[PDB]
Amino acid sequence: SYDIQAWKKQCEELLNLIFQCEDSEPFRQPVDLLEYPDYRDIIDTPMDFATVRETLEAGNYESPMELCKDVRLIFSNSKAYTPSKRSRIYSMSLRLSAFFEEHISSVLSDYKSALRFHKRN
Ligand SMILES: COCCNC(=O)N1CCN(C(=O)c2cccs2)CC1
């Protein structure tokens with residue numbers, strides 16, 4: 001299954017599955033500072049799923065590993081901001097992270113396999 005470009009549409013599909021999840025509700029767009037005045041005291045590099053989709057659709061990811069690093073940053077930002085491990089929004093992040101990781105694993109494997117096949121000779 002050696003298509004080097006297949007990851008992109010697979011990532012567009014998994015973003016659609018994430019935008020149909022109620023658990024993505026907090027992570028679709030940026031944190032408003034009026035609501036969270038200290039957010040940028042704690043979080044150096046904001047990230048949200050609309051920004052990930054924009055970066056993909058513009059052609060500014062070279063690999064699904066780059067997309068995966070930004071999605072992971074959405075979840076580490078929630079872990080760094082939460083004042084408790086049992087907050088609503090951090091709890092939503094952990095379920096959404098599990099869903100993401102379950103679905104991205106074959107996208108990554110298939111892409112890495114395709115590059116190795118390309119380089120074989
Ligand atoms: C509806 O969503 C609006 C945009 N998102 C947003 O305001 N936030 C998600 C990122 N945040 C967090 O993960 C945490 C908050 C409380 C604990 S963690 C901080 C608030």
Side-chain angles (χ1 to χ4, degrees), residues 1-19 21-121:
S1 72
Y2 305 124
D3 184 341
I4 299 163
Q5 285 89 55
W7 66 276
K8 181 174 178 173
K9 171 173 178 175
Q10 289 162 356
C11 290
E12 294 161 357
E13 299 169 335
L14 173 53
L15 283 169
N16 296 345
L17 289 193
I18 286 156
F19 275 89
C21 291
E22 291 159 18
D23 285 341
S24 79
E25 181 182 349
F27 312 108
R28 283 169 191 156
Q29 320 288 335
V31 181
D32 190 317
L33 287 199
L34 293 173
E35 282 170 10
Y36 294 94
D38 66 330
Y39 188 77
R40 298 301 307 279
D41 307 344
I42 311 300
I43 301 311
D44 287 326
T45 317
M47 190 57 58
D48 72 51
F49 284 108
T51 299
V52 177
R53 195 177 256 172
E54 285 183 29
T55 303
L56 186 66
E57 280 320 295
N60 306 157
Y61 292 125
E62 185 141 35
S63 71
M65 295 81 85
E66 290 176 353
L67 177 143
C68 189
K69 180 176 167 184
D70 286 354
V71 167
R72 288 169 178 177
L73 179 61
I74 298 170
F75 304 135
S76 63
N77 288 343
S78 191
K79 193 168 177 175
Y81 191 69
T82 191
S84 172
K85 292 296 192 68
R86 294 169 65 248
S87 85
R88 168 76 191 269
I89 288 169
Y90 173 67
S91 78
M92 290 165 81
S93 86
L94 293 181
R95 290 193 296 267
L96 195 70
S97 170
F99 175 83
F100 177 76
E101 292 296 335
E102 171 179 296
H103 284 80
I104 207 61
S105 57
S106 60
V107 176
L108 296 166
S109 293
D110 275 22
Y111 169 83
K112 292 179 194 176
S113 172
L115 234 43
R116 291 188 291 265
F117 187 80
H118 189 69
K119 283 165 206 163
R120 72 192 182 290
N121 312 301

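This chain uses plain numbering: 1 for the first residue, then up along the sequence. Whatever order the structure lists ligands and atoms in, that order sets their numbers, starting from 1.
- In terms of protein heavy-atom proximity, atom 13 (O) of ligand 1 is closest to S78 OG, 2.7 Å.
- Contact annotation: for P30 versus ligand 1, heavy atoms closer than 4.0 Å belong to the backbone alone.
- Taking all atoms of both residues into account, the shortest heavy-atom contact from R28 to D48 is O-OD1, 3.2 Å.
- Near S87, the atoms of ligand 1 lying under 4.0 angstrom from a non-hydrogen atom of the residue are 17 (C).
- Cluster membership check: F19 shares its hydrophobic cluster with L73, using side-chain heavy-atom separations under 4.5 Å among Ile, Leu, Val, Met, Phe, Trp and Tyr.
- Classification of the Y39-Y36 ring pair by plane angle, with boundaries at 30° and 60°, yields perpendicular.
- Applying side chain to side chain contact (heavy atoms under 4.5 Å, CB included) to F100 and the options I74, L17, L14 leaves one that passes, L14.
- Of the protein's non-hydrogen atoms, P26 O, 4.1 Å is the one closest to atom 3 (C) of ligand 1.
- There is a path of hydrophobic side-chain contacts, each under 4.5 Å, that joins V31 to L96.
- With hydrogens left out, the protein atom closest to atom 1 (C) of ligand 1 is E25 O, 3.7 Å, a heavy atom.
- Nearest protein neighbour of atom 10 (C) of ligand 1, counting heavy atoms only, is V31 CG2, 3.7 Å.
- Under a 4.0 Å heavy-atom criterion, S84 is not in contact with ligand 1.
- Between the side chains of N16 and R53, a donor-acceptor pair is found at a separation under 3.5 Å.
- Heavy-atom proximity to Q29, at under 4.0 Å, picks out these atoms of ligand 1: 4 (C).
- Of the N or O atoms in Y36, none lie within a sub-3.5 Å distance of an N or O in ligand 1.
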*Please test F99 against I18 for side chain to side chain contact (heavy atoms under 4.5 Å, CB included), starting from the C-alpha separation and ending with a verdict.*
CA-CA 9 Å; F99 175 83; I18 286 156; 4.2 Å; yes
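- Closest to atom 12 (C) of ligand 1 among all protein heavy atoms lies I89 CG2, 3.4 Å.
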*Verdict with supporting geometry, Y111 and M65, side chain to side chain contact (heavy atoms under 4.5 Å, CB included)*: CA-CA 9 Å; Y111 169 83; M65 295 81 85; 3.7 Å; yes
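- Applying the 4.0 Å criterion to heavy atoms of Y81 picks out, from ligand 1, the atoms 14 (C), 15 (C).
- When non-hydrogen atoms are compared, ligand 1 lies under 4.0 Å from neither the backbone nor the side chain of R88.
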